[PDB]
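Input: a single structure, listed below in structure tokens.
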Amino acid sequence: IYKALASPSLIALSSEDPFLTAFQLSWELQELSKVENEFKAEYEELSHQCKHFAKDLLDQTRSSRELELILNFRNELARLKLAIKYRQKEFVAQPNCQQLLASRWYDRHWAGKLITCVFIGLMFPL
Amino acid sequence: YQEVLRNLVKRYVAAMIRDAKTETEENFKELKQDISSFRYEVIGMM
Amino acid sequence: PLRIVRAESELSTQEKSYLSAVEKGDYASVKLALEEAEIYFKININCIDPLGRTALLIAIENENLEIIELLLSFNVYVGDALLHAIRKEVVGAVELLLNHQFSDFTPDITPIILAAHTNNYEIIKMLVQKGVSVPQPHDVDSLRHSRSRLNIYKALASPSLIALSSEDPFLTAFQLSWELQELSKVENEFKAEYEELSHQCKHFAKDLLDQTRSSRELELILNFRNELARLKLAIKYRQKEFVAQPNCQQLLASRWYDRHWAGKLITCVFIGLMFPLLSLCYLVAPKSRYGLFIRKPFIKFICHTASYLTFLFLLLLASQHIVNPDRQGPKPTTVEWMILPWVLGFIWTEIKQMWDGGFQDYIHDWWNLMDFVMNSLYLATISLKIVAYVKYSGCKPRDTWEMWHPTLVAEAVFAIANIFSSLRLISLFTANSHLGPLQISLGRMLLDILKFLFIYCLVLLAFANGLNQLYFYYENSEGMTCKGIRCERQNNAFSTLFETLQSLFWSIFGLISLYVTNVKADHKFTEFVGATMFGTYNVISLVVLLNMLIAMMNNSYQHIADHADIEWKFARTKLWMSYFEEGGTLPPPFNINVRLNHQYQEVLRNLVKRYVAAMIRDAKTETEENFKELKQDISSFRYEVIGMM
Amino acid sequence: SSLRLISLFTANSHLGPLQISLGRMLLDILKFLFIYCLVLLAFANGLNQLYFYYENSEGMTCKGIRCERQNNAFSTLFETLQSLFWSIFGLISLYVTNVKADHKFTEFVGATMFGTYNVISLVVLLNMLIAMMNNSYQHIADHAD
Amino acid sequence: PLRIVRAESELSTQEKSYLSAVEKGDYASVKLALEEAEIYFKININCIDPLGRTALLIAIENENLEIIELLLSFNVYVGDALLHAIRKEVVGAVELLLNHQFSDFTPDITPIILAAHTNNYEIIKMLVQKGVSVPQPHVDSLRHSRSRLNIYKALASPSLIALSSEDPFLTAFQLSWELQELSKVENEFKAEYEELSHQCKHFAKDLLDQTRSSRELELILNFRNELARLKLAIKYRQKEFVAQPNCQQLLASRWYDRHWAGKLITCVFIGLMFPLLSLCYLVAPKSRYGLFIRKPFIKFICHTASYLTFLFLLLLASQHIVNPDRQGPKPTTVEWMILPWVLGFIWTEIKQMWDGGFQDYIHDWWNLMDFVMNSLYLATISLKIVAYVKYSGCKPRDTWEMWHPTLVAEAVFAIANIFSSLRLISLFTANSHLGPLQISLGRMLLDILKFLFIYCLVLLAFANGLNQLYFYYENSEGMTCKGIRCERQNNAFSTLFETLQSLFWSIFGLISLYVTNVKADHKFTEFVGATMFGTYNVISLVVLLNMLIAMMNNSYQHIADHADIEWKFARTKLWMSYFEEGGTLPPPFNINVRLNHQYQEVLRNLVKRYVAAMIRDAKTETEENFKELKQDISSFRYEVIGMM
Ligand SMILES: Cn1c(=O)n(CCCO)c(=O)c2c1nc(Oc1ccc(/N=N\c3ccccc3)c(OC(F)(F)F)c1)n2Cc1ccc(Cl)cc1
Ligand SMILES: Cn1c(=O)n(CCCO)c(=O)c2c1nc(Oc1ccc(/N=N\c3ccccc3)c(OC(F)(F)F)c1)n2Cc1ccc(Cl)cc1
Ligand SMILES: Cn1c(=O)n(CCCO)c(=O)c2c1nc(Oc1ccc(/N=N\c3ccccc3)c(OC(F)(F)F)c1)n2Cc1ccc(Cl)cc1
């Protein structure tokens with residue numbers, strides 16, 4: 001039953017939210033590999049393919065407006081903070097999401113960066 | 001959100017069908033297509 | 001759950017038979033199903049399969065040109081069909097389509113870019129013939145701006161497009177790999193993709209160079225624009241695959257060399273013995289008998305090497321007791337006068353190479369900053385010795401000298417100076433085929449150790465701070481003529497931060513005893529805490545950190561040792577190229593184009609036209625070559641049968 | 001005479017392959033000696049050049065590193081080449097870097113050079129001999145029968 | 001040189017067309033050539049090829065059945081075409097051939113043996129239905145060695161075992177055992193026999209995987225008391241059979257019959273009161289607390305809690321509260337409480353050695369360790385009693401002479417305490433994390449013991465050399481101590497015993513440098529001795545002790561590859577020791593008309609499922625898209641020839 005619910009072609013066809021139903025279905029398949037340790041390599045391998053489905057579905061974004069809408073659904077970056085609670089490592093470590101995060105973060109060569117870093121650090125009370 | 005998600009799902013399906021149908025299984029389809037075309041032409045000639 | 005199909009509109013009745021006939025290849029059925037010209041029974045010729053496929057697109061994927069031509073004659077909507085044909089690598093479909101909202105391709109993709117990405121020689125030629133142009137690679141919606149830039153750099157860096165529309169394919173494969181290498185450091189997210197695009201440009205030059213048929217063509221390429229002017233440009237661009245080719249390496253070895261294990265070392269030593277003879281011979285009469293015998297690079301190298309072992313031999317003889325007792329501010333001895341010429345020659349060579357490069361890519365090397373430090377130390381030795389002579393005199397016992405005396409500092413600096421000089425003799429291993437690759441791989445397994453030095457230098461500081469904080473209140477120096485860990489009864493290991501830092505260092509080698517953690521009081525609680533912190537430091541460093549330094553120097557000797565012959569040969573070529581020119585043929589002791597373009601562009605065309613042939617007629621075969629045999633048999637049988645009736 | 005009994009191990013099905021594979025990862029060690037012998041010579045030259053001015057043999061029965069109260073460790077080149085070899089196994093103490101004078105500058109330089117030699121040969125040079133013997137045993141075991 | 005053709009001839013000028021006719025395939029020409037050559041027309045229908053292919057050997061090669069029928073209609077020599085058809089896996093050709101000097105096969109390969117080699121169900125079926133019989137395995141040495149290996153390859157084919165064996169499970173256990181032993185006495189053909197044994201072990205695993213209910217599984221393992229066949233699969237070392245997920249889910253429900261810190265507290269609490277449960281098992285064993293020590297999981301915890309209490313008594317025997325110094329003392333209070341545990345251990349070993357007296361008893365490490373520990377305890381008990389009846393009285397301990405019984409008894413008792421606490425290691429197989437670690441660390445130890453035959457040789461050689469050099473300078477004047485275990489070490493190399501002791505403590509750097517001096521001004525022998533000591537220190541730690549860690553890495557990868565079936569096998573062996581009755585009290589205490597038809601039905605269903613799975617896993621796989629292309633044109637050909 002879990003091998004059928006965790007098929008990419010069925011999630012896309014008959015799910016209201018293919019992103020949310022792939023976060024949940026990979027969390028259950030990871031905590032169910034500890035109660036069924038006899039069938040352990042089959043339950044956790046079934047969970048590793050639900051993480052790649054979300055990564056491949058987010059990989060289809062074409063512009064920076066589609067990507068911004070997805071990560072801010074339901075304060076800001078609400079969907080990205082939800083993908084961290086479920087330990088979606090492939091979802092977060094994507095070039096487009098990393099580029100957006102870097103653009104929010106930063107808001108030269110080796111010998112010119114640490115100089116201004118120390119310059120800013122010296123005046124931290126100022 | 002739904003308008004973006006529909007496009008995402010559609011273009012994921014359109015890529016998965018390509019990557020599944022094409023990937024040397026593509027070469028086998030062409031041989032069958034040629035055989036079927038030749039058979040149909042022969043049947044329609046006589 | 002009650003699973004349902006969500007977000008799917010519909011399909012139609014008649015169109016299913018149409019699509020089935022198109023897919024099955026029935027020409028007549030599609031022919032009659034298309035004959036509702038301008039009077040249609042509500043059948044849409046632009047019907048879409050639920051999978052997105054269309055009748056025009058279905059015929060493209062089956063490459064049945066009869067149905068394709070029939071559909072094209074009926075004014076079927078095309079859309080992005082040319083791009084699909086280009087990606088599917090069907091020549092006939094592209095030929096037919098070239099003379100006449102949901103999109104499957106990125107909006108910034110053009111047919112020329114896609115064709116270059118597919119690397120198809122025929123389609124690229126056909127597109128270029130009709131007239132095309134790639135945009136200029138040269139910020140609001142940064143997602144598609146960074147994606148567009150990568151698409152055009154992937155088209156330019158393609159072997160089939162480069163050698164069809166480039167004046168000099170050898171020169172454009174050097175600038176392109178260099179630009180993609182430095183473009184992967186400003187785009188950290190797409191780093192893994194830019195540096196792979198650069199790697200296929202380096203192999204393209206090597207593959208193109210491998211088509212030379214004789215030594216006449218090979219030397220025409222390397223000498224373009226004084227001598228070997230296109231082999232110094234490859235080294236300037238770090239084209240390691242281009243340089244380390246057998247055809248080029250054999251030519252370089254012939255230029256260099258211009259016998260068995262027991263017969264080669266003896267004659268090399270014999271040649272090196274007469275080092276000072278054929279240097280004054282060159283100075284007096286530069287003749288073919290002796291003056292031109294040092295001009296052979298293999299002989300110059302030996303002479304420059306045998307002149308360095310002489311420097312070290314009397315460097316070991318400068319510390320013998322036989323050769324200025326304990327006299328304060330002494331005059332230079334008989335050995336340092338012999339030392340001075342070599343030092344002066346090294347300093348002059350460094351000075352002359354300083355202004356020739358402008359401190360760029362000159363101080364950026366491991367073996368060229370050790371020289372700077374060594375020469376600075378050698379200059380400071382003289383600077384202190386001359387100062388000692390002019391302001392001190394008289395014989396005074398050494399045990400009575402006050403600390404920081406100029407003589408002691410000068411001799412300490414001199415002793416430090418001549419360690420780098422002997423350690424620089426390591427860079428002469430690249431010339432040997434056995435010790436060469438081993439030495440090169442050792443120096444690249446040492447930039448990872450440098451990263452395992454910000455963990456240890458933080459653990460050491462963290463533990464030293466705590467140990468000093470605990471033990472700084474118990475210091476004493478009464479009844480002790482000797483203080484510190486560097487004595488026979490270590491007493492004050494953890495008294496000061498400077499002493500604590502250097503007492504936790506020697507504990508790695510087991511040279512710090514256990515009684516150093518006691519105090520001159522019966523406070524067993526403090527002593528136990530100190531011993532526990534010392535033991536905890538010993539566990540972390542000697543068991544955890546130093547057992548995973550060797551475990552990460554074993555997952556880095558499988559990548560480094562993978563491609564090691566290329567690196568060693570590149571280094572050996574860089575070593576050889578320094579003994580080819582004129583100007584440096586003096587040991588420090590004795591130192592103190594209308595037609596050329598025609599020929600080049602004529603051989604270049606042959607090289608390109610051989611590469612493209614040896615690429616196509618190998619890509620065809622590399623199981624696929626026999627798939628077309630069955631189709632050929634089927635086509636012949638069909639044509640014969642049809643023509644018969 | 002007693003070290004030729006290992007040549008009879010090529011008759012046992014268990015000890016046979018081990019000896020053959022052990023004698024093949026031994027030309028790799030020989031190539032690694034040519035770097036240690038240069039580092040040792042360089043550091044011995046430096047230490048002797050620093051310390052040869054302080055030789056003394058007054059009021060001492062023994063002289064060198066092979067007695068209970070080690071002294072005159074870096075007075076000559078022979079004793080310096082011996083002192084840097086026994087420091088690999090930790091058999092050389094730390095009070096041999098002192099002199100019968102209050103010259104703390106030269107003692108600190110000698111100690112720093114001794115520590116630098118210890119670092120290079122024990123954590124940078126003996127971890128690359130393990131790393132390159134571990135990646136050379138796999139090739140020998142492919143064709144060892 | 002001039003390249004020529006050596007020892008070869010020409011075929012023909014008119015037979016080349018005849019051979020090409022069957023090479024391309026055309027009934028008209030092929031038939032005509034044979035028909036027109038009936039009356040001795042010098043065509044030699046039994047042609048030859050540069051590859052050595054006759055006319056019959058070409059139609060069979062291309063599997064064309066019509067050509068084979070046409071050729072076999074006439075009188076054509078067959079020779080060994082049957083074996084070629086069997087090897088080529090052509091069912092039609094062998095069917096036609098069955099009812100109808102230079103050879104490519106050794107003169108011992110019968111068609112049945114070759115078919116078993118090919119491992120095809122239908123051809124073997126056809127051959128067996130006709131009636132065949134392989135020989136029974138038991139001058140020309142080369143012939144005889146390639147005459148028993150061919151037989152065992154035929155006997156170990158799954159298709160033949162599943163078709164002509166009364167019990168495929170028994171015939172898979174015993175066949176792999178015989179092949180495994182044969183790999184030893186047959187050193188040349190070692191790799192071939194060992195692969196057959198691993199082939200037979202996977203057959204039982206594959207046949208067991210075709211069970212679809214727990215009822216069918218219990219009928220296989222309990223056949224011919226409880227879990228009768230599961231214990232037989234361990235006597236034959238079937239690690240793959242035991243470590244099946246179903247056989248591990250079944251055993252877990254018999255064993256057990258939550259977060260970590262909700263189970264650790266439960267375990268420590270249930271082990272806290274083992275004596276209560278042990279008493280209740282012997283005074284009121286009806287329901288409440290008498291059969292609560294009968295669950296194997298609870299029994300395992302109670303037995304562990306008794307062993308931990310035994311160790312806690314050994315750690316209280318060294319306390320000073322529990323001690324004068326007098327010859328032959330009366331046993332203390334702790335020893336009286338330790339005696340029951342030793343008696344229980346010895347009695348348990350005595351009542352477990354009767355299955356075979358030293359027969360496969362001393363094969364595993366733990367049995368030998370237990371035997372050594374029990375011998376040491378017996379010797380301690382004997383010496384402490386010997387010392388009581390004769391060597392009595394009070395006297396200061398430092399005045400006692402060595403070899404006194406009260407000293408040897410204490411030494412032996414102290415040596416036996418090390419082995420008692422090392423037996424606690426074997427209880428790690430029951431844990432999920434520490435389990436596989438112990439097995440990998442216990443199988444990566446026979447390699448270490450192979451380096452100790454070279455290290456010991458090097459040690460002996462260097463010790464002999466050093467002793468021969470230094471034995472003339474022995475001195476014992478003004479010395480209270482004599483040896484390397486003194487504050488001022490001396491006489492380190494004066495004798496072979498001390499020489500062997502000194503060269504061992506130098507591995508850890510506990511031997512000072514000044515031990516290489518002599519009470520003389522002989523400065524040439526001192527340098528030679530120091531050079532020998534340094535040379536030993538060179539190849540003992542840099543060369544010989546770095547090749548030990550270099551080969552652990554290249555053997556741990558092989559061990560850790562398949563290191564989960566072995567842990568499960570060990571855990572099952574540990575579990576099944578707590579299932580049977582007898583020995584349920586800790587050491588402190590206790591001092592077939594039917595059922596042969598259901599099994600047959602289940603076995604035949606399993607064989608049917610196995611064959612129906614193997615045929616589909618072999619025929620289909622990328623070979624499914626090759627037979628379809630044949631049908632695609634065969635239907636069209638039939639349609640065309642219907643209308644023509
Ligand atoms: C840090 N320390 C320490 O300074 N002194 C010296 C203090 C006085 O000089 C110890 O005597 C000591 C200790 N630690 C100990 O027991 C271990 C040992 C290893 C551990 N770990 N890892 C490794 C890893 C690799 C090699 C060796 C050890 C470990 O850590 C643990 F895992 F958390 F338990 C705990 N003892 C011994 C001791 C003394 C008294 C008692 Cl009652 C109990 C134990
Ligand atoms: C070479 N030396 C040395 O001879 N003596 C003896 C002289 C006194 O008798 C030191 O006392 C010493 C030292 N080096 C040190 O500090 C380190 C140590 C290790 C480093 N690195 N790696 C390894 C790797 C493996 C094993 C061990 C070390 C390192 O790395 C660096 F920061 F990049 F330099 C820096 N100290 C201690 C010290 C003294 C004074 C100060 Cl102010 C600060 C520190
Ligand atoms: C065997 N011996 C020795 O007994 N004494 C003590 C005698 C007096 O007590 C040495 O002083 C010594 C030595 N050998 C040396 O030189 C090496 C060093 C390392 C070698 N090898 N490997 C390794 C591997 C890893 C780490 C370090 C070294 C090696 O190669 C060898 F032949 F295989 F040993 C030879 N020296 C030093 C020396 C002193 C005086 C002179 Cl004039 C010349 C040289």
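Just remember, in the structure tokens the first chain shown is A, the second B, etc., residues are 1-based per chain, and ligands are 1-based in the order shown.
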**Report entry** Non-local contacts of residue E:58 (10 Å; only C-alpha atoms; under 2 positions in same chain excluded) as a list in words
**Finding:**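 In the requested form, the answer reads residues 19, 22, 23, 49, 53, 54, 55, 56, 60, 61, 62, 63, 64, 67 and 68 of chain E.
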Now that the selection is made, can you save its residues with C-alpha atoms as a compact mmCIF listing (two decimals), in the first residue's frame?
```txt
# COMPACT_ATOMS: atom_id res chain seq x y z
CA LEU E 19 26.55 -23.20 -48.22
CA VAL E 22 21.53 -22.02 -46.29
CA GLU E 23 23.48 -19.04 -44.91
CA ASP E 49 33.58 -24.39 -43.49
CA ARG E 53 30.50 -25.69 -39.74
CA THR E 54 28.79 -28.47 -41.67
CA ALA E 55 25.42 -28.10 -43.39
CA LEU E 56 23.45 -29.45 -40.41
CA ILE E 60 20.68 -25.37 -36.31
CA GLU E 61 22.88 -22.30 -35.82
CA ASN E 62 20.20 -20.01 -37.29
CA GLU E 63 17.34 -22.05 -35.74
CA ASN E 64 15.47 -22.26 -39.06
CA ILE E 67 15.62 -26.07 -43.26
CA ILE E 68 16.35 -28.53 -40.44
```
Report task. Name the residues, by chain letter and number, that sit within 7 Å of ligand 3 using only C-alpha atoms and all ligand atoms, and give them as a list in words. Result ->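 Using only C-alpha atoms and all ligand atoms, I find these residues within 7 Å of ligand 3: residues 33, 36, 37, 78, 81, 82, 85, 86, 88, 121 and 126 of chain D; 527, 530, 531, 532, 533, 534, 535, 538 and 542 of chain E.
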Requested in this report: Could you please tell me, as a PyMOL selection string, which residues of chain E have an atom within 8 Å of chain A when using only C-alpha atoms?
Outcome: chain E and resi 245+248-249
Keeping only N, CA and C atoms, take the residues you just selected and write them out as a short mmCIF file (atom, residue, chain, number, x, y, z; two decimals), in the first residue's frame.
```cif
data_model
loop_
_atom_site.label_atom_id
_atom_site.label_comp_id
_atom_site.auth_asym_id
_atom_site.auth_seq_id
_atom_site.Cartn_x
_atom_site.Cartn_y
_atom_site.Cartn_z
N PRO E 245 13.70 -12.48 5.94
CA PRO E 245 12.84 -11.58 6.73
C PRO E 245 11.68 -12.28 7.42
N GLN E 248 12.95 -14.18 10.41
CA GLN E 248 13.33 -13.26 11.47
C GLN E 248 12.14 -12.57 12.12
N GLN E 249 11.02 -12.46 11.41
CA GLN E 249 9.80 -11.96 12.04
C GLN E 249 9.10 -13.04 12.85
#
```
Query raised in the report: Could you work out how far atom CA of residue C:173 lies from atom CA of residue C:365, giving the answer in Å with one decimal?
Result: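 Here the two named atoms are 25.7 Å from each other.
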9 Å shell around ligand 1 using only C-alpha atoms and all ligand atoms, listed as a CSV table (one decimal) with N, CA and C atoms, in the first residue's frame:
```csv
chain,number,residue,atom,x,y,z
C,514,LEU,N,54.0,13.7,34.0
C,514,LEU,CA,52.8,13.8,34.8
C,514,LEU,C,52.9,14.6,36.0
C,517,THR,N,51.5,18.4,36.8
C,517,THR,CA,50.2,18.8,37.2
C,517,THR,C,50.0,18.9,38.7
C,527,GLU,N,44.3,19.5,41.6
C,527,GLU,CA,45.2,18.7,40.9
C,527,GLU,C,44.4,17.7,40.0
C,528,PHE,N,43.4,17.1,40.6
C,528,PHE,CA,42.6,16.1,39.8
C,528,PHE,C,41.9,16.8,38.6
C,529,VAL,N,41.4,18.0,38.8
C,529,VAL,CA,40.7,18.7,37.7
C,529,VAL,C,41.7,19.0,36.6
C,530,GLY,N,42.9,19.5,37.0
C,530,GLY,CA,44.0,19.7,36.0
C,530,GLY,C,44.4,18.5,35.3
C,531,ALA,N,44.6,17.4,36.0
C,531,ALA,CA,45.0,16.1,35.3
C,531,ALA,C,43.8,15.6,34.4
C,532,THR,N,42.6,15.8,34.8
C,532,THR,CA,41.5,15.4,34.0
C,532,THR,C,41.4,16.3,32.7
C,533,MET,N,41.6,17.6,32.8
C,533,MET,CA,41.7,18.4,31.6
C,533,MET,C,42.8,18.1,30.7
C,534,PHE,N,44.0,17.8,31.2
C,534,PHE,CA,45.1,17.4,30.4
C,534,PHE,C,44.9,16.0,29.7
C,535,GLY,N,44.2,15.1,30.4
C,535,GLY,CA,43.9,13.8,29.8
C,535,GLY,C,42.8,14.0,28.7
C,536,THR,N,41.8,14.9,29.0
C,536,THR,CA,40.8,15.1,28.0
C,536,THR,C,41.4,15.8,26.7
C,537,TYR,N,42.4,16.7,26.9
C,537,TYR,CA,43.1,17.2,25.7
C,537,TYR,C,43.9,16.2,25.0
C,538,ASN,N,44.5,15.2,25.7
C,538,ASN,CA,45.3,14.2,25.1
C,538,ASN,C,44.4,13.3,24.3
C,539,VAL,N,43.2,13.0,24.8
C,539,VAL,CA,42.3,12.1,24.1
C,539,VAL,C,41.8,12.7,22.8
C,540,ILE,N,41.4,14.0,22.8
C,540,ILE,CA,40.8,14.7,21.7
C,540,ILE,C,41.8,14.7,20.5
C,542,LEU,N,45.2,13.2,20.2
C,542,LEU,CA,45.9,12.0,19.7
C,542,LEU,C,45.1,10.9,19.3
C,543,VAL,N,43.8,10.9,19.6
C,543,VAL,CA,42.9,9.8,19.2
C,543,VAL,C,41.8,10.2,18.2
C,544,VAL,N,41.2,11.4,18.4
C,544,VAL,CA,40.1,11.8,17.5
C,544,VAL,C,40.7,12.6,16.3
```
Report task. Extract, using only C-alpha atoms, all DNA, RNA and protein residues at most 7 Å from stretch 36-43 of chain B, discarding same-chain residues fewer than 4 positions from it, and format them as a ChimeraX atom specification. Result -> /B:32 /C:24-26,638 /E:636
Pull C-alpha atoms from the residues just selected and write them as a JSON list (two decimals), in the first residue's frame.
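Result saved to out.json:
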```
[["chain", "number", "residue", "atom", "x", "y", "z"],
["B", 32, "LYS", "CA", 8.22, -1.63, -35.54],
["C", 24, "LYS", "CA", 0.39, 3.30, -36.57],
["C", 25, "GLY", "CA", 1.75, 4.73, -39.84],
["C", 26, "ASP", "CA", -1.35, 4.19, -41.99],
["C", 638, "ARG", "CA", 9.80, -2.49, -49.50],
["E", 636, "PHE", "CA", 2.44, -10.15, -41.85]]
```
